[PDB]
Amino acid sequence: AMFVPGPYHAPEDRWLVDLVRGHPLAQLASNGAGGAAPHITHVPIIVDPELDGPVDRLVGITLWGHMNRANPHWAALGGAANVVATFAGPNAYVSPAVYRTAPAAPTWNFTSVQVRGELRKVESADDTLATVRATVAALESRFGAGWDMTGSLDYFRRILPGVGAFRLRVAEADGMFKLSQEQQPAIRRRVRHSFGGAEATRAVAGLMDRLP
């Protein structure tokens, strides 16, 4: 489980799915053997592409991911590893200068999703190639420029042996939406207004604008 103070809960389950879709390069964590620090790999993870219809909740759905099979994290997972995948969205430092109140302390507004469950390794070549093609389809659509993978499928197949594809059955899903909900209404407005004025912070202002 993930610690999320009451005020930082998403208004709706759909916000956690939106952050996963918007920020697919997750930090995949699993336990380190013999009391060592956890293993951490940045990996591209998407929602099950076979899910037709609105996906409102992460709990009960399967995420699809891959990493490098030669990455020692792949061997360390073994068979039924309990893992967390952390998705990190828009974030910005909050200067109390923005509050125009006193006294105060600074903070950092940020967005995260933590999904936990059992990681199963894909061994099937068909399921592995489906994983990377669904990942092209999902990320090129949201982040890309209309690139057509069709002419590169032979190439995908040539490099496929190196792919460690996986499936993560989401047992638990938690979302930090730390967006100044602890402040009084006028101060939340001052913060939202200050973040509206620059590209680095507009995405945070966007989420703050959608709070009930």
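Don't overthink the numbering: it's just position in the shown sequence, from 1.
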Query raised in the report: Do the C-alpha atoms of 86-94 or of 119-127 have the higher average B factor in the entry?
Result: 119-127
Query raised in the report: Of 17-25 and 192-200, which one has the bigger average CA B-factor?
Result: 192-200
Query raised in the report: Which is it among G65, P38, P185, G144: the one with the largest CA B-factor in the entry?
Result: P185
Query - Candidate residues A134, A80, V113, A104, the one whose C-alpha B factor the record puts highest - result: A80
Query raised in the report: Split the chain's modelled residues into thirds by Cα B-factor; is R167 in the lowest, middle or highest one?
Result: middle
Report task. Select lowest, middle or highest to describe the third in which the CA B-factor of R57 falls within its chain in this entry. Result -> highest
Query raised in the report: Split the chain's modelled residues into thirds by Cα B-factor; is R69 in the lowest, middle or highest one?
Result: middle
Report summary line: Chain-relative C-alpha B factor for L179 (record values, thirds): the lowest
Query raised in the report: Against its chain's modelled residues, does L153's Cα B factor rank lowest, middle or highest third?
Result: highest
